[PDB]
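Understanding the architecture of this molecule
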Amino acid sequence: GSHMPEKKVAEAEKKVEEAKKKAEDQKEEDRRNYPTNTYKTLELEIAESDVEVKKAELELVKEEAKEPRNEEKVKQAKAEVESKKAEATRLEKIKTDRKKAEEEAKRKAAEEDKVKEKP
C-alpha cells in the first residue's frame, strides 16, 4: 500500500462510499420488499459483505504504512477478510439455491408471457 498512506485510504474511501450507496439501493429492497416480506434479498448481503471486505482493506492500508511496517499484520488481516469474502461468496450460493428452490413450476408453458420468446 503506502502513498502516504493517507492518499490511498482517502481516495479509496470515496469509492467505498459509492459501494456503500449501492448496497443502500439493495436496502431499498429490504424496506420495500418488507411489504411483501421477500426483503432478505441475499443480493444485498453478498454485495454488502464483499464491500465491507473492501472497506476493511482500506483500514489495513493505514495499519501497514502509518505504522511500524510490521508487514505481517496487513497480510494476516488479508487472510481474515478473505474468510469474510468467502462468506459473501457463500451467500452467492444461497441466492442460486433460492432461485432453483422457488421455481415452483413458474414456466407452466401457458403463462402467455412466453410470446416474447416464441411469437
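Parameters at a glance
- Residues numbered from 1 in each chain as written, not as in the entry; some residues may be left out.
- Heavy atoms only, no water.
- Salt bridge = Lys/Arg side-chain N within 4 Å of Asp/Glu carboxyl O.
- Helix = DSSP H or I, 4+ residues; strand = E, 2+ residues; numbered from the N terminus.
- Buried < 20%, exposed > 50% of the residue type's maximum accessible area, 1.4 Å probe, protein only.
- Polar contact = N/O pair within 3.5 Å; in protein donor to acceptor, adjacent residues only side chain to side chain.

- Its PDB header attributes the entry to solution NMR.

**Brief notes about the pattern of salt bridges**
- In this structure the tally under the stated criterion is 24 salt bridges.
- Where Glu52 meets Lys55, a salt bridge forms, and the shortest distance between an N and an O atom there is 2.8 Å. A residue pair is termed a helical-turn pair when its members lie 3 or 4 positions apart in one helix, as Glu52 and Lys55 do in helix 2 (residues 42-65) at three residues.
- Looking at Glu52, the relative accessible area reads 45%, which means it is partly exposed.
- Relative accessible area serves as the criterion here: at 29%, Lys55 is assigned to the partly exposed category.
- Where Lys84 meets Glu87, a salt bridge forms, and the shortest distance between an N and an O atom there is 2.8 Å. One end of the pair is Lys84 and the other is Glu87, both in helix 3 (residues 72-101) and three residues apart, which spans about a single turn.

**Some remarks on the environment of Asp97**
- Tracing the chain through its elements places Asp97 in helix 3.
- According to the relative accessible area criterion, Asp97 is partly exposed, its value standing at 39%.
- Along the primary structure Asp97 and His3 are separated by 94 residues, whereas in three dimensions their C-alpha atoms are 43 Å apart.
- Among the polar contacts listed, one links the side chain of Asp97 to the side chain of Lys100, at a separation of 2.8 Å.

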